[PDB]
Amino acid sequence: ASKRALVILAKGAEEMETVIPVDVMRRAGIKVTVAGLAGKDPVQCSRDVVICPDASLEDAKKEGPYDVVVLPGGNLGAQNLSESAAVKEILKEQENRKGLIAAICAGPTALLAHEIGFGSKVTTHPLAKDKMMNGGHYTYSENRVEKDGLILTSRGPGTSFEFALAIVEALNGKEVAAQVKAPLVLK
């Protein structure tokens, strides 16, 4: 059976950090569901790109569980994820089931908001470090991609391919990640 991924899309999300992981994961044969936080209507991203979700988070949540829950970045998008009771429940359930949780850029601050993965080594966009480290609940890293067990984090738009391929390697293996990587023409 194919692995499944849930990508939570909120208003203000960084569109590059949303599309690169969705695209790369689908190239890897992963069944991806783009779920809208506010509902089934189109979502206006940080740089005004408008994306139509596959379904609402309300409906997508009932189709779980997922092998990975992905949280894109974007300051306003991350704030919306941080204030959502629905997201809190989804992340706590995933953590409890020992499922992978991946967040990029400002996205990791939503983990702090919902008290997820305390004690893990994590990275974020440089400008989101102070927010993420408030209280010293995580140990900071400057690696482009950081993986401490089931908590996988990354730094920004420019680390999106590395972030996506790390998710692919975690779910489908190193060989598949290498096969998907070659045709992308990465450095």
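Numbers follow the displayed sequence, beginning with 1.
Look at the C-alpha B-factors of 116-124 and of 36-44. On average they run higher in 36-44. Mean CA B-factor, 5-13 versus 169-177: the higher value falls on 169-177.
When the C-alpha B-factors of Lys129, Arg155, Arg27, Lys61 are ranked from the entry, the top spot goes to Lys61.
Ranked by Cα temperature factor within the chain, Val49 sits in the lowest third according to the deposited record. For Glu162, the recorded CA temperature factor ranks within the lowest third of the chain's modelled residues. Compared with the other modelled residues of the chain, the Cα B-factor recorded for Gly99 ranks in the highest third. In the PDB entry, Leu184 places in the lowest third of its chain by CA B-factor. Per-chain ranking of the deposited C-alpha B factor places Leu111 in the middle third.
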